[PDB]
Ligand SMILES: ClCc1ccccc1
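Here we start with a single chain on its own, the form solved without this ligand, put down as structure tokens.
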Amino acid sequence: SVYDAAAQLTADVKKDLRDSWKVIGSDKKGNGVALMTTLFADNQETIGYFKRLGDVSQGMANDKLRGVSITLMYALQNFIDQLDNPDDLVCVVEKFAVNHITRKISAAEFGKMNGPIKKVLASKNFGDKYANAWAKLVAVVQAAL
């Protein structure tokens, strides 16, 4: 359950999330677009869910893609900000899950963002320890899907 998943965010996991976000969250536009373009490159099958965006290969030059990419980073910002209060983290995660459920995004589908996150993290000198930390946060959302 989402409540059990949130409890998996231990002290050190929370710390690693904050430490890496401090760097990653510094460039929301750049890292956000990198996240999306990597998702579409490594998992081309997900492009169908983003028909509204148009030609996704344009990257940064695609206004709709840039809009979604920047907005995506503020969702991550939101999650990180709620790490101190599990009750708040959960209600925000559930809200966030509602819109993805409406788009029929499964927990398995949602989990594909883990690849992109791991790569962007590694490009900034953050290794497996951090990728695993972020995977735990993603799992919280997966539990609500």
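Start at 1 and count along the sequence shown; that's the residue number.
If you look for the form solved in complex with this ligand, you will not find it shown, but the lines that follow are about it.
Exactly one listed residue, out of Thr37, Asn62, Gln82, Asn31, brings a non-hydrogen atom to within 4.5 Å of this ligand in the deposited bound form: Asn31. Taken together, the three residues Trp21, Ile24 and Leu76 all lie with some non-hydrogen atom within 4.5 angstroms of this ligand in the deposited bound form. By the criterion of a heavy atom within 4.5 Å, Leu121 is counted among the residues contacting this ligand in the deposited bound form.
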